[PDB]
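The chain that follows stands alone, in the form deposited in one PDB entry, written as structure tokens.
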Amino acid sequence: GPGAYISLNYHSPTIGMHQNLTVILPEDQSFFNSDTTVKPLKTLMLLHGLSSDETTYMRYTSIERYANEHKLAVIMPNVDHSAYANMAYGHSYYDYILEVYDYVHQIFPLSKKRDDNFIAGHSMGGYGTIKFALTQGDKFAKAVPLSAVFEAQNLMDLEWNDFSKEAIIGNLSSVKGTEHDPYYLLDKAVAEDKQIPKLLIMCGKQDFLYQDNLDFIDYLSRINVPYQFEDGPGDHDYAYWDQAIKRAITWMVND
């Protein structure tokens, strides 16, 4: 089963600039028959890590092959070094992901039902995934952080090439207890009885963030929030993310 690979570049009203976006749209027989109603596809929002962009999942994995097999549309935006935040000094990249979600669901044949919408991503994108899962729980039925950063201070303190902590968080001395802290977002969601998407958290056992993942699922267990955790051999690279996204895609479309 094949599909369409789509590169879109549009002027975003939220971030004030042209920006590239890539979309995988699997083929359906209704797309070629003008007398049939388009039946909308299940949709995955997929978020890249630091130093990656909207092209890197396509280049370094076989994701389109996996998505085609499962009739899953995949949306891959670009957010730079933003950590998926409305940046103190930068762009409103949190709001941007929400605009991308609304835009593709308006212009493409994508289901708008919560049960048909998922979010996933790796490293900074796993951090982004858990932030959206805990603040936009009504938009996604399932969320898949891969090799995620859950202790936000480890992301902000990283000395990554050309990376600016202050652009994201400004003057802030710590992120604990703020909108940047997944532990705070999680306590907030439980306290307000928000829907939390079904969680499949994956991380390779040789990954440097492996302890970070253990600490977070340990906290989830202690506050009685369900999840699936899958580890096994793997490091912090696209060889691991290629295999994990294949497993994640199978899990999201099947129950």
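Take the two forms, find the largest set of C-alpha atoms that superpose within 1.5 Å, and that set is the rigid core. Numbers follow the displayed sequence, beginning with 1.
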query: Mean temperature factor over C-alpha atoms, higher-scoring stretch between 143-151 and 91-99; finding: 143-151
query: Of 244-252 and 4-12, the one with larger mean CA B-factor; finding: 244-252
query: Selection by C-alpha B-factor (highest) of 41, 58, 67, 189; finding: 189
query: Criterion, highest CA B-factor; candidates, 106, 86, 129, 173; finding: 173
query: Assigned third (lowest, middle, highest) for the C-alpha B factor of residue 51; finding: lowest
query: Lowest, middle or highest third - CA B-factor, residue 223; finding: highest
query: Third of the chain's Cα B-factor distribution that residue 163 belongs to, per the entry; finding: middle
query: Where the record places residue 45 (Cα B-factor, split into thirds across the chain); finding: lowest
query: Ranked against its chain, the third holding the CA B-factor of residue 133; finding: middle
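Another form exists, deposited in another entry; not displayed. Remarks below refer to it.
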| item | value |
| --- | --- |
| C-alpha displacement of 2 Å or more between the shown form and the other one on the rigid core, among 100, 143, 85, 73 | 85 |
| Rigid core superposed: residue 156 CA moves 2 Å or more between the shown form and the other one | yes |
| Core-aligned C-alpha movement of residue 167 between the shown form and the other one, 2 Å or more | yes |
| Outcome for the Cα pair residue 89, residue 97 in the other entry, compared with this form (closer or farther; change of 3 Å or more) | closer |
| CA-CA separation of residue 163 and residue 212, closer or farther in the other entry than in the form shown [shift of 3 angstroms or more] | farther |
